[PDB]
file run32.cif (mmCIF, C-alpha atoms and all ligand atoms)
data_upload
#
loop_
_atom_site.label_atom_id
_atom_site.label_comp_id
_atom_site.auth_asym_id
_atom_site.auth_seq_id
_atom_site.Cartn_x
_atom_site.Cartn_y
_atom_site.Cartn_z
CA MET A 25 43.47 -51.08 -29.67
CA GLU A 26 42.11 -51.52 -26.14
CA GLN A 27 38.83 -51.88 -24.23
CA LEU A 28 38.93 -49.47 -21.33
CA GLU A 29 36.53 -48.00 -18.80
CA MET A 30 35.82 -44.29 -18.60
CA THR A 31 34.53 -42.52 -15.47
CA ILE A 32 32.99 -39.06 -15.90
CA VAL A 33 34.86 -36.40 -13.96
CA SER A 34 33.42 -33.21 -15.46
CA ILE A 35 30.28 -32.20 -17.35
CA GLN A 36 29.87 -28.90 -19.24
CA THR A 37 27.36 -27.30 -21.57
CA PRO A 38 29.84 -25.28 -23.66
CA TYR A 39 27.04 -24.42 -26.10
CA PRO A 40 23.27 -24.86 -25.65
CA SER A 41 23.22 -27.86 -28.01
CA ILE A 42 26.46 -29.55 -26.93
CA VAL A 43 27.39 -31.56 -23.81
CA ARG A 44 31.12 -31.68 -23.01
CA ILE A 45 32.14 -34.59 -20.80
CA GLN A 46 35.55 -35.32 -19.31
CA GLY A 47 36.49 -38.73 -18.03
CA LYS A 48 39.50 -40.63 -16.74
CA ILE A 49 40.26 -43.79 -18.70
CA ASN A 50 42.24 -46.78 -17.43
CA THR A 51 44.56 -46.94 -20.45
CA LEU A 52 47.73 -49.01 -20.27
CA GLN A 53 49.23 -47.51 -23.42
CA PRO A 54 48.62 -43.71 -23.44
CA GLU A 55 50.98 -43.44 -26.41
CA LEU A 56 48.03 -44.49 -28.59
CA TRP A 57 45.79 -41.69 -27.31
CA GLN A 58 47.88 -38.71 -28.40
CA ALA A 59 47.28 -38.81 -32.15
CA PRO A 60 44.94 -36.25 -33.71
CA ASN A 61 41.40 -37.19 -34.72
CA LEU A 62 41.07 -40.33 -32.66
CA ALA A 63 37.59 -41.70 -32.19
CA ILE A 64 36.28 -44.18 -29.63
CA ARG A 65 33.30 -46.47 -29.46
CA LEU A 66 31.29 -45.86 -26.27
CA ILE A 67 29.14 -48.76 -25.14
CA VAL A 68 26.10 -46.56 -24.60
CA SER A 69 23.90 -49.50 -23.64
CA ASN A 70 24.67 -52.87 -22.09
CA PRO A 71 21.55 -54.61 -20.84
CA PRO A 72 22.19 -58.07 -19.38
CA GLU A 73 19.30 -59.16 -21.64
CA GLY A 74 20.35 -58.36 -25.21
CA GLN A 75 23.40 -57.50 -27.34
CA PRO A 76 25.35 -54.31 -26.54
CA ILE A 77 24.98 -50.98 -28.31
CA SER A 78 27.95 -48.75 -29.10
CA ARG A 79 28.31 -45.31 -30.64
CA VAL A 80 31.33 -43.51 -32.12
CA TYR A 81 32.48 -40.14 -30.66
CA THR A 82 35.64 -38.10 -31.17
CA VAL A 83 38.32 -37.65 -28.50
CA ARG A 84 38.33 -33.86 -28.32
CA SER A 85 41.58 -34.14 -26.38
CA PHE A 86 43.63 -36.51 -24.22
CA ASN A 87 45.48 -35.20 -21.18
CA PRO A 88 48.27 -37.74 -20.53
CA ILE A 89 49.24 -36.58 -17.03
CA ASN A 90 45.87 -37.72 -15.69
CA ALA A 91 44.51 -40.05 -18.42
CA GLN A 92 41.54 -37.74 -19.03
CA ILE A 93 39.79 -37.46 -22.38
CA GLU A 94 36.96 -35.18 -23.41
CA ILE A 95 34.00 -35.75 -25.75
CA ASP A 96 31.45 -33.34 -27.23
CA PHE A 97 27.95 -34.71 -27.73
CA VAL A 98 25.67 -33.03 -30.25
CA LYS A 99 22.22 -32.96 -28.68
CA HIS A 100 19.49 -34.01 -31.11
CA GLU A 101 15.75 -34.60 -30.50
CA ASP A 102 15.83 -38.40 -30.88
CA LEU A 103 15.10 -41.18 -28.41
CA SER A 104 18.43 -42.71 -29.49
CA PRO A 105 20.86 -44.71 -27.31
CA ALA A 106 23.50 -42.00 -26.96
CA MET A 107 20.80 -39.44 -26.20
CA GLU A 108 19.10 -41.67 -23.59
CA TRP A 109 22.52 -42.26 -22.03
CA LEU A 110 23.43 -38.56 -21.89
CA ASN A 111 20.17 -37.52 -20.21
CA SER A 112 21.08 -39.61 -17.14
CA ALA A 113 24.87 -39.18 -17.04
CA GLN A 114 26.37 -37.78 -13.82
CA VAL A 115 29.90 -37.15 -12.53
CA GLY A 116 31.21 -40.58 -11.62
CA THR A 117 29.17 -42.41 -14.27
CA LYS A 118 31.29 -45.31 -15.51
CA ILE A 119 30.95 -46.30 -19.14
CA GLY A 120 32.75 -48.87 -21.26
CA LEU A 121 34.83 -47.90 -24.26
CA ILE A 122 36.83 -49.42 -27.14
CA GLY A 123 39.58 -47.53 -28.95
CA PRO A 124 41.26 -45.52 -30.21
CA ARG A 125 40.65 -45.37 -33.98
CA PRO A 126 42.89 -43.07 -36.05
CA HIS A 127 40.70 -41.15 -38.49
CA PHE A 128 41.31 -38.88 -41.46
CA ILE A 129 43.83 -36.02 -41.15
CA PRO A 130 44.49 -33.43 -43.90
CA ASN A 131 47.31 -34.02 -46.38
CA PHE A 132 50.03 -31.58 -45.33
CA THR A 133 52.52 -33.27 -47.73
CA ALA A 134 53.70 -31.35 -50.83
CA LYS A 135 52.38 -28.13 -49.21
CA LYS A 136 48.93 -27.79 -50.76
CA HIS A 137 46.11 -25.60 -49.40
CA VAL A 138 43.71 -27.41 -47.05
CA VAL A 139 39.95 -26.93 -47.43
CA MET A 140 37.84 -28.38 -44.62
CA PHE A 141 34.08 -28.96 -44.28
CA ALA A 142 32.37 -29.95 -41.02
CA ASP A 143 29.01 -30.07 -39.30
CA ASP A 144 28.32 -30.20 -35.57
CA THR A 145 29.43 -33.83 -35.27
CA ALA A 146 32.87 -33.16 -36.72
CA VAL A 147 33.68 -30.00 -34.77
CA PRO A 148 35.50 -32.10 -32.09
CA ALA A 149 37.57 -33.82 -34.83
CA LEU A 150 38.41 -30.32 -36.14
CA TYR A 151 39.58 -29.15 -32.70
CA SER A 152 41.76 -32.26 -32.37
CA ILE A 153 43.31 -31.58 -35.78
CA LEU A 154 43.83 -27.86 -35.12
CA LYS A 155 45.65 -28.48 -31.86
CA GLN A 156 48.27 -30.48 -33.79
CA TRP A 157 48.15 -28.37 -36.95
CA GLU A 158 51.28 -28.45 -39.14
CA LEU A 159 52.45 -24.85 -38.74
CA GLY A 160 52.88 -23.17 -42.13
CA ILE A 161 49.98 -24.83 -43.98
CA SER A 162 47.07 -22.55 -44.88
CA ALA A 163 43.43 -23.54 -44.88
CA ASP A 164 39.82 -22.52 -45.40
CA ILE A 165 37.45 -24.17 -42.91
CA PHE A 166 33.69 -24.28 -43.41
CA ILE A 167 31.56 -25.26 -40.43
CA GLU A 168 27.84 -25.99 -40.57
CA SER A 169 26.46 -25.67 -37.05
CA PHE A 170 23.30 -24.96 -35.09
CA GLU A 171 25.35 -22.79 -32.74
CA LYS A 172 25.91 -19.31 -34.16
CA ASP A 173 29.46 -19.07 -32.78
CA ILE A 174 30.74 -22.64 -32.95
CA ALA A 175 34.13 -21.47 -34.22
CA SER A 176 34.97 -19.63 -30.99
CA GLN A 177 36.22 -22.85 -29.38
CA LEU A 178 38.76 -23.48 -32.14
CA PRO A 179 42.22 -21.87 -32.03
CA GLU A 180 43.26 -18.81 -33.99
CA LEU A 181 46.16 -19.81 -36.23
CA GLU A 182 47.94 -17.67 -38.80
CA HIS A 183 46.48 -18.42 -42.27
CA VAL A 184 43.60 -20.72 -41.18
CA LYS A 185 40.43 -18.83 -41.95
CA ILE A 186 37.39 -20.42 -40.27
CA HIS A 187 33.90 -19.75 -41.70
CA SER A 188 30.75 -20.83 -39.83
CA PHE A 189 27.19 -21.06 -41.18
CA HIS A 190 24.10 -21.16 -38.95
CA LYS A 191 21.41 -23.81 -39.44
CA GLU A 192 17.82 -23.46 -38.27
CA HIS A 193 16.12 -26.64 -37.11
CA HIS A 194 13.58 -28.75 -39.05
CA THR A 195 14.28 -27.63 -42.65
CA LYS A 198 19.56 -27.50 -46.93
CA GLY A 199 23.02 -28.17 -48.43
CA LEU A 200 25.20 -25.45 -46.97
CA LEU A 201 28.65 -27.06 -46.93
CA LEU A 202 28.16 -27.96 -50.60
CA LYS A 203 27.29 -24.34 -51.49
CA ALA A 204 30.71 -23.43 -50.04
CA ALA A 205 32.55 -26.05 -52.11
CA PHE A 206 30.96 -24.80 -55.34
CA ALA A 207 32.33 -21.32 -54.53
CA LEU A 208 36.05 -21.54 -53.72
CA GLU A 209 38.42 -18.80 -54.94
CA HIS A 210 40.61 -21.28 -56.88
CA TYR A 211 40.58 -25.06 -57.37
CA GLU A 212 44.19 -25.95 -58.18
CA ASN A 213 46.87 -27.08 -55.73
CA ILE A 214 44.37 -27.74 -52.89
CA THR A 215 43.50 -30.79 -50.74
CA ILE A 216 40.20 -31.66 -49.03
CA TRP A 217 39.17 -32.92 -45.57
CA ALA A 218 35.54 -33.31 -44.69
CA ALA A 219 33.24 -34.98 -42.21
CA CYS A 220 29.49 -34.36 -41.98
CA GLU A 221 26.12 -36.06 -42.60
CA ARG A 222 26.36 -39.08 -44.92
CA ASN A 223 24.41 -37.57 -47.83
CA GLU A 224 26.17 -34.19 -47.82
CA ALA A 225 29.55 -35.91 -47.59
CA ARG A 226 28.78 -38.12 -50.61
CA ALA A 227 27.85 -34.95 -52.50
CA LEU A 228 31.20 -33.38 -51.60
CA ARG A 229 33.10 -36.53 -52.61
CA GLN A 230 31.31 -36.61 -55.99
CA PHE A 231 32.21 -32.99 -56.63
CA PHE A 232 35.92 -33.12 -55.82
CA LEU A 233 36.50 -36.43 -57.63
CA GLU A 234 34.09 -36.89 -60.53
CA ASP A 235 33.89 -33.16 -61.23
CA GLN A 236 37.23 -31.54 -60.37
CA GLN A 237 39.58 -34.50 -60.90
CA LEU A 238 41.40 -34.33 -57.57
CA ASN A 239 43.55 -37.30 -56.59
CA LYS A 240 41.79 -39.70 -54.19
CA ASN A 241 44.32 -39.12 -51.36
CA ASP A 242 43.57 -35.38 -51.68
CA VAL A 243 39.87 -35.78 -50.86
CA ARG A 244 39.73 -37.25 -47.34
CA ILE A 245 35.96 -37.20 -46.72
CA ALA A 246 33.80 -39.13 -44.23
CA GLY A 247 30.16 -39.29 -43.18
CA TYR A 248 29.91 -39.18 -39.37
CA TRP A 249 26.15 -39.91 -39.38
CA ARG A 250 23.19 -40.42 -41.69
CA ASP A 251 19.72 -38.89 -41.46
CA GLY A 252 17.02 -41.51 -40.87
CA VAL A 253 19.54 -44.32 -40.28
CA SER A 254 20.93 -45.30 -36.90
CA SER A 255 24.61 -45.87 -36.22
CA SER A 256 23.85 -49.56 -35.69
CA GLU A 257 22.28 -49.73 -39.15
CA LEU A 258 25.26 -47.88 -40.56
CA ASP A 259 27.49 -50.61 -39.07
CA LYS A 260 25.50 -53.44 -40.62
CA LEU A 261 25.72 -51.58 -43.93
CA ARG A 262 29.48 -51.04 -43.61
CA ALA A 263 29.97 -54.75 -42.89
CA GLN A 264 27.96 -55.79 -45.96
CA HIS A 265 29.84 -53.38 -48.25
CA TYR A 266 33.15 -54.70 -46.91
CA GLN A 267 32.16 -58.37 -47.46
CA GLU A 268 30.98 -57.40 -50.98
CA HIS A 269 34.12 -55.32 -51.63
CA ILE A 270 36.52 -58.18 -50.86
CA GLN A 271 34.52 -60.47 -53.15
CA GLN A 272 35.59 -58.41 -56.19
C1 LIG B 301 34.52 -41.02 -36.47
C2 LIG B 301 33.27 -40.42 -35.91
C3 LIG B 301 33.38 -39.46 -34.91
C4 LIG B 301 32.21 -38.91 -34.41
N1 LIG B 301 32.33 -37.95 -33.44
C5 LIG B 301 31.19 -37.39 -32.92
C6 LIG B 301 31.34 -36.39 -31.87
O1 LIG B 301 32.64 -36.13 -31.51
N2 LIG B 301 30.23 -35.79 -31.30
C7 LIG B 301 28.96 -36.13 -31.73
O2 LIG B 301 27.87 -35.54 -31.16
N3 LIG B 301 28.79 -37.12 -32.76
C8 LIG B 301 29.87 -37.75 -33.35
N4 LIG B 301 29.77 -38.74 -34.35
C9 LIG B 301 28.45 -39.14 -34.85
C10 LIG B 301 27.71 -40.05 -33.89
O3 LIG B 301 28.38 -41.24 -33.82
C11 LIG B 301 26.28 -40.21 -34.43
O4 LIG B 301 25.70 -38.96 -34.50
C12 LIG B 301 25.39 -41.18 -33.69
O5 LIG B 301 24.51 -41.68 -34.62
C13 LIG B 301 24.59 -40.59 -32.55
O6 LIG B 301 24.20 -41.62 -31.67
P1 LIG B 301 22.67 -42.01 -31.37
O7 LIG B 301 22.35 -43.20 -30.37
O8 LIG B 301 22.15 -40.55 -31.04
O9 LIG B 301 22.08 -42.06 -32.89
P2 LIG B 301 21.35 -43.20 -33.50
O10 LIG B 301 20.53 -44.26 -32.69
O11 LIG B 301 22.47 -43.61 -34.34
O12 LIG B 301 20.58 -42.34 -34.41
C14 LIG B 301 19.21 -42.58 -34.66
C15 LIG B 301 18.65 -41.32 -35.31
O13 LIG B 301 19.29 -40.15 -34.87
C16 LIG B 301 19.77 -39.45 -35.99
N5 LIG B 301 20.95 -38.72 -35.60
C17 LIG B 301 22.13 -39.24 -35.10
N6 LIG B 301 22.99 -38.25 -34.83
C18 LIG B 301 22.41 -37.03 -35.16
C19 LIG B 301 22.84 -35.70 -35.10
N7 LIG B 301 24.16 -35.34 -34.61
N8 LIG B 301 22.02 -34.72 -35.53
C20 LIG B 301 20.78 -35.02 -36.00
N9 LIG B 301 20.32 -36.29 -36.05
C21 LIG B 301 21.10 -37.31 -35.65
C22 LIG B 301 19.96 -40.47 -37.07
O14 LIG B 301 19.84 -39.93 -38.33
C23 LIG B 301 18.87 -41.43 -36.79
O15 LIG B 301 17.74 -41.09 -37.51
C24 LIG B 301 30.95 -39.32 -34.88
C25 LIG B 301 30.85 -40.29 -35.87
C26 LIG B 301 32.04 -40.83 -36.39
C27 LIG B 301 31.98 -41.87 -37.45
#
call {"tool": "encode", "arguments": {"input": "run32.cif", "output": "structure tokens"}}
result
Amino acid sequence: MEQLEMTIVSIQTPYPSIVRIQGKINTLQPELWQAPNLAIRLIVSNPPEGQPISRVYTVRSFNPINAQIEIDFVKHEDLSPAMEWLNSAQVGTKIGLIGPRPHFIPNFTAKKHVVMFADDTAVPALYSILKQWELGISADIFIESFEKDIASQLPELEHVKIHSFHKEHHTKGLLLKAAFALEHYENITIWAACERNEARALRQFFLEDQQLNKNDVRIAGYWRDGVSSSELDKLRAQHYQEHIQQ
């Protein structure tokens, strides 16, 4: 991996709750940046007084003929670092970054049906995966979003059906309700990314309840309600140190 610098070249509001930024990056190995579902760590704050603060966002795409990546930010009413950074972020804003990180991709091997679950934070990862989709594999995709028509941005591919549910603010387990209700349960493979607690629920269902092999349930928690990314990191470090001990 590398530590680059990104400079914002474009800013869009594709949906009312999403800010789409494009930036050139000074990569010296663009071969790394072409894989699907790459994520970066943006140094959202770097005061000279104090340790730096980073946050993880998905590379929606990487254009190699101009070294431009794009990132979708889910707006959320929180005085968080990434939110404070996005409020004052103009074209030409330079921001530090570390990456890329390859992240989960569906298991196309053996030709099993793919079933995908996502909330607003994993819609960019979904777009990345769909733009390099293994033609011939079928899928059911369930999206949990605040935007009524979040699927419109994703491509139309033969045999990928994309289902979107609509959340209303300040209130449920929708993605799980979809997992409990699939047409069949045999010869399928799972990919998911959402809030930490809903993702754990999905993992528990496809493993401890439907006996799916562990490499056929690729599930991640992109964020956790009431816990900051920084706190998630300190937790992940302590689990790792405790995992290697046994
Ligand atoms: C691999 C990976 C890829 C990711 N890609 C994206 C992406 O492409 N786009 C994107 O918008 N996010 C993405 N995320 C999630 C993002 O990193 C977190 O949402 C992050 O916590 C937000 O930064 P912050 O400074 O707002 O939040 P923090 O300071 O971490 O959060 C503090 C508070 O905000 C809450 N919070 C954080 N995010 C949300 C949210 N989306 N909705 C509601 N409440 C929230 C937390 O629960 C916490 O209570 C990704 C995460 C991972 C692991």
call {"tool": "residues_around", "arguments": {"input": "run32.cif", "residues": "residue A:29", "least_positions_apart": "4", "cutoff": "7 Å", "atoms": "all atoms listed in the file", "output": "MDAnalysis selection string"}}
result
chainID A and resid 49:50 118:121
call {"tool": "residues_around", "arguments": {"input": "run32.cif", "residues": "residue A:223", "least_positions_apart": "6", "cutoff": "12 Å", "atoms": "all atoms listed in the file", "output": "VMD selection string"}}
result
chain A and resid 198 to 199 201 to 202 229 to 230 245 to 253
call {"tool": "residues_near_ligand", "arguments": {"input": "run32.cif", "ligand": "ligand LIG 301 (chain B)", "cutoff": "9 Å", "atoms": "only C-alpha atoms and all ligand atoms", "output": "JSON, numbers by chain"}}
result
{"A": [42, 43, 61, 62, 63, 64, 65, 68, 77, 78, 79, 80, 81, 82, 83, 84, 95, 96, 97, 98, 99, 100, 101, 102, 103, 104, 105, 106, 107, 108, 109, 125, 126, 127, 128, 143, 144, 145, 146, 147, 148, 149, 219, 220, 221, 246, 247, 248, 249, 250, 251, 252, 253, 254, 255, 256, 257, 258]}
call {"tool": "atom_distance", "arguments": {"input": "run32.cif", "atom1": "atom CA of residue A:142", "atom2": "atom CA of residue A:200"}}
result
10.3 Å
call {"tool": "atom_distance", "arguments": {"input": "run32.cif", "atom1": "atom CA of residue A:156", "atom2": "atom CA of residue A:168"}}
result
22.0 Å
call {"tool": "atom_distance", "arguments": {"input": "run32.cif", "atom1": "atom CA of residue A:206", "atom2": "atom CA of residue A:141"}}
result
12.2 Å
call {"tool": "closest_residue", "arguments": {"input": "run32.cif", "among": "A:122, A:205, A:89, A:110", "to": "residue A:66", "atoms": "only C-alpha atoms"}}
result
A:122
call {"tool": "residues_near_point", "arguments": {"input": "run32.cif", "point": "(25.0, -20.5, -36.0)", "cutoff": "6 Å", "atoms": "only C-alpha atoms", "output": "count of residues only"}}
result
8
call {"tool": "residues_around", "arguments": {"input": "run32.cif", "residues": "residue A:90", "least_positions_apart": "3", "cutoff": "12 Å", "atoms": "only C-alpha atoms", "output": "ChimeraX atom specification"}}
result
/A:33,46-51,54,86-87,93
call {"tool": "residues_around", "arguments": {"input": "run32.cif", "residues": "residue A:165", "least_positions_apart": "4", "cutoff": "12 Å", "atoms": "only C-alpha atoms", "output": "ChimeraX atom specification"}}
result
/A:130,137-143,146-147,150-151,153-154,175,178,180-181,183-189,201,204-205,208,215-219
call {"tool": "closest_residue", "arguments": {"input": "run32.cif", "among": "A:94, A:59, A:129, A:163", "to": "residue A:243", "atoms": "all atoms listed in the file"}}
result
A:129
call {"tool": "closest_residue", "arguments": {"input": "run32.cif", "among": "A:239, A:41, A:75, A:27", "to": "residue A:53", "atoms": "only C-alpha atoms"}}
result
A:27
call {"tool": "closest_residue", "arguments": {"input": "run32.cif", "among": "A:45, A:167, A:214, A:159", "to": "residue A:232", "atoms": "only C-alpha atoms"}}
result
A:214
call {"tool": "axis_aligned_box", "arguments": {"input": "run32.cif", "around": "stretch 207-224 of chain A", "padding_each_side": "8 Å", "output": "lines of an AutoDock Vina configuration file"}}
result
center_x = 35.6
center_y = -28.9
center_z = -50.1
size_x = 38.5
size_y = 36.3
size_z = 32.2
call {"tool": "closest_residue", "arguments": {"input": "run32.cif", "among": "A:35, A:233, A:270, A:56", "to": "residue A:124", "atoms": "all atoms listed in the file"}}
result
A:56
call {"tool": "decode", "arguments": {"input": "run32.cif", "residues": "stretch 95-115 of chain A", "atoms": "N, CA and C atoms", "output": "PDB file, in the first residue's frame"}}
result
ATOM      1  N   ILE A  95     -15.549   9.005  -4.478  1.00  0.00           N
ATOM      2  CA  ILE A  95     -16.017   8.562  -3.168  1.00  0.00           C
ATOM      3  C   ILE A  95     -17.402   9.138  -2.892  1.00  0.00           C
ATOM      4  N   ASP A  96     -18.314   8.287  -2.435  1.00  0.00           N
ATOM      5  CA  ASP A  96     -19.631   8.707  -1.968  1.00  0.00           C
ATOM      6  C   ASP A  96     -19.637   8.817  -0.444  1.00  0.00           C
ATOM      7  N   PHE A  97     -20.043   9.969   0.065  1.00  0.00           N
ATOM      8  CA  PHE A  97     -20.182  10.149   1.498  1.00  0.00           C
ATOM      9  C   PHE A  97     -21.658  10.128   1.877  1.00  0.00           C
ATOM     10  N   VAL A  98     -22.013   9.258   2.814  1.00  0.00           N
ATOM     11  CA  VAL A  98     -23.357   9.268   3.372  1.00  0.00           C
ATOM     12  C   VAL A  98     -23.428  10.406   4.377  1.00  0.00           C
ATOM     13  N   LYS A  99     -24.274  11.390   4.112  1.00  0.00           N
ATOM     14  CA  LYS A  99     -24.496  12.449   5.091  1.00  0.00           C
ATOM     15  C   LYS A  99     -25.234  11.866   6.294  1.00  0.00           C
ATOM     16  N   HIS A 100     -24.827  12.265   7.498  1.00  0.00           N
ATOM     17  CA  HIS A 100     -25.542  11.846   8.697  1.00  0.00           C
ATOM     18  C   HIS A 100     -25.394  12.930   9.768  1.00  0.00           C
ATOM     19  N   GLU A 101     -26.480  13.211  10.506  1.00  0.00           N
ATOM     20  CA  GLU A 101     -26.533  14.361  11.421  1.00  0.00           C
ATOM     21  C   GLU A 101     -25.719  14.039  12.670  1.00  0.00           C
ATOM     22  N   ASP A 102     -24.405  14.271  12.561  1.00  0.00           N
ATOM     23  CA  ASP A 102     -23.393  13.958  13.568  1.00  0.00           C
ATOM     24  C   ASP A 102     -22.265  14.965  13.443  1.00  0.00           C
ATOM     25  N   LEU A 103     -21.804  15.521  14.559  1.00  0.00           N
ATOM     26  CA  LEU A 103     -20.643  16.408  14.466  1.00  0.00           C
ATOM     27  C   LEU A 103     -19.348  15.596  14.408  1.00  0.00           C
ATOM     28  N   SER A 104     -19.289  14.616  13.505  1.00  0.00           N
ATOM     29  CA  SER A 104     -18.177  13.685  13.385  1.00  0.00           C
ATOM     30  C   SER A 104     -17.057  14.303  12.572  1.00  0.00           C
ATOM     31  N   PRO A 105     -15.841  13.719  12.614  1.00  0.00           N
ATOM     32  CA  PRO A 105     -14.765  14.195  11.736  1.00  0.00           C
ATOM     33  C   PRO A 105     -15.092  14.214  10.251  1.00  0.00           C
ATOM     34  N   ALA A 106     -15.522  13.096   9.674  1.00  0.00           N
ATOM     35  CA  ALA A 106     -15.771  13.105   8.235  1.00  0.00           C
ATOM     36  C   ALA A 106     -16.869  14.095   7.874  1.00  0.00           C
ATOM     37  N   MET A 107     -17.864  14.263   8.739  1.00  0.00           N
ATOM     38  CA  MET A 107     -18.923  15.227   8.465  1.00  0.00           C
ATOM     39  C   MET A 107     -18.416  16.669   8.576  1.00  0.00           C
ATOM     40  N   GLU A 108     -17.613  16.982   9.604  1.00  0.00           N
ATOM     41  CA  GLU A 108     -17.015  18.316   9.700  1.00  0.00           C
ATOM     42  C   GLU A 108     -16.102  18.607   8.516  1.00  0.00           C
ATOM     43  N   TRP A 109     -15.416  17.581   8.001  1.00  0.00           N
ATOM     44  CA  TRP A 109     -14.536  17.789   6.862  1.00  0.00           C
ATOM     45  C   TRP A 109     -15.322  18.039   5.583  1.00  0.00           C
ATOM     46  N   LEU A 110     -16.412  17.300   5.382  1.00  0.00           N
ATOM     47  CA  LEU A 110     -17.214  17.456   4.175  1.00  0.00           C
ATOM     48  C   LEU A 110     -17.933  18.805   4.110  1.00  0.00           C
ATOM     49  N   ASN A 111     -18.319  19.380   5.254  1.00  0.00           N
ATOM     50  CA  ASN A 111     -19.050  20.643   5.203  1.00  0.00           C
ATOM     51  C   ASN A 111     -18.208  21.738   4.568  1.00  0.00           C
ATOM     52  N   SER A 112     -16.927  21.810   4.924  1.00  0.00           N
ATOM     53  CA  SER A 112     -15.978  22.719   4.289  1.00  0.00           C
ATOM     54  C   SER A 112     -15.005  21.870   3.472  1.00  0.00           C
ATOM     55  N   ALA A 113     -15.431  21.521   2.256  1.00  0.00           N
ATOM     56  CA  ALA A 113     -14.622  20.771   1.295  1.00  0.00           C
ATOM     57  C   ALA A 113     -14.953  21.314  -0.083  1.00  0.00           C
ATOM     58  N   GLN A 114     -14.005  22.011  -0.694  1.00  0.00           N
ATOM     59  CA  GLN A 114     -14.184  22.696  -1.966  1.00  0.00           C
ATOM     60  C   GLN A 114     -13.395  21.981  -3.062  1.00  0.00           C
ATOM     61  N   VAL A 115     -13.604  22.397  -4.315  1.00  0.00           N
ATOM     62  CA  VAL A 115     -12.767  21.899  -5.407  1.00  0.00           C
ATOM     63  C   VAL A 115     -11.359  22.450  -5.245  1.00  0.00           C
TER      64      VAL A 115
END
